[PDB]
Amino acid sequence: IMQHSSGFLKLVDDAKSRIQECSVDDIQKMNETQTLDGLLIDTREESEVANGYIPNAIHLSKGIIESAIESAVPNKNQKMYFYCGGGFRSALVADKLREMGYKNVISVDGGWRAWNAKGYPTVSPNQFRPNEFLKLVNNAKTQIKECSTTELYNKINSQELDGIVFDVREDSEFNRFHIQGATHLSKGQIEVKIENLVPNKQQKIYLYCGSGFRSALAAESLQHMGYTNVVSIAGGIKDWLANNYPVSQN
């Protein structure tokens, strides 16, 4: 039960005179039918969104949204739906973004209170899993060969390395540190560059990333190109560091 004060609500009433609102029903119907046609933006505090949020939502708090929106959503025509606890703070957000030139903004009347008053589905932050990414990764792992960090490190340390090692992380990740002697070939660029770099498609190639996941996807892709001896390092450089294996910076 909120006890909103008169001066706050005067600001809210003024904002609501200028911005478009929709119902929680509109959001729920678009969610259920997979027809949501804008960004759905939770403007509540970090401590509020930790207790659950509306499906398909992203977080940009009212406190930071003006300072962040032009970098995060440069397109002034982008359709955006805002909600907060009760439909009042989100009206102020939509009106400020309208003032900045984002006119395709909608505030969700009633907000989180109305959403839960109708019993609509919610999600916890702890519940989030990148399910489709992990499905793609498991799809790749079924098709490829993998090798542990211990097996690779033991080969390197024993001067029995039997393949080329590529770090398929981003520039910034590789630059901070990498497995010593690894060659940087980002997953973004690997299919473009591999045939010029490694024309022998039977050459043994080890790929690693942060976790074993991006490298598995990259290895599947190289197999589609006819590379027959690609190996992904299970657990990636995270598992490598967990085993206290060493890393190097250029």
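A residue's number is simply how far along the shown sequence it sits, counting from 1.
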Next item on the list: Would you tell me which stretch averages the higher CA B-factor in the PDB entry, 108-116 or 87-95?
Entry: 108-116
Check: Comparing 119-127 with 73-81, which has the greater mean CA B-factor as deposited?
Finding: 119-127
Note to self: Checking the record values for 61, 28, 67, 200, which has the greatest CA B factor?
What the structure shows: 200
Checklist line | Chain-wide C-alpha B factor ranking for residue 48, given as lowest, middle or highest third | finding: highest
Next item on the list: Please rank the C-alpha B-factors of the chain's modelled residues and tell me whether residue 239 sits in the lowest, middle or highest third.
Entry: highest
Check: Thinking about Cα B factors across the chain, which third does residue 140 belong to?
Finding: middle
Next item on the list: Tell me, lowest, middle or highest third: where does the Cα B factor of residue 179 rank within its chain?
Entry: highest
Notebook entry, point to check: Going by the entry, which third of its chain does the Cα temperature factor of residue 210 land in?
Noted result: highest
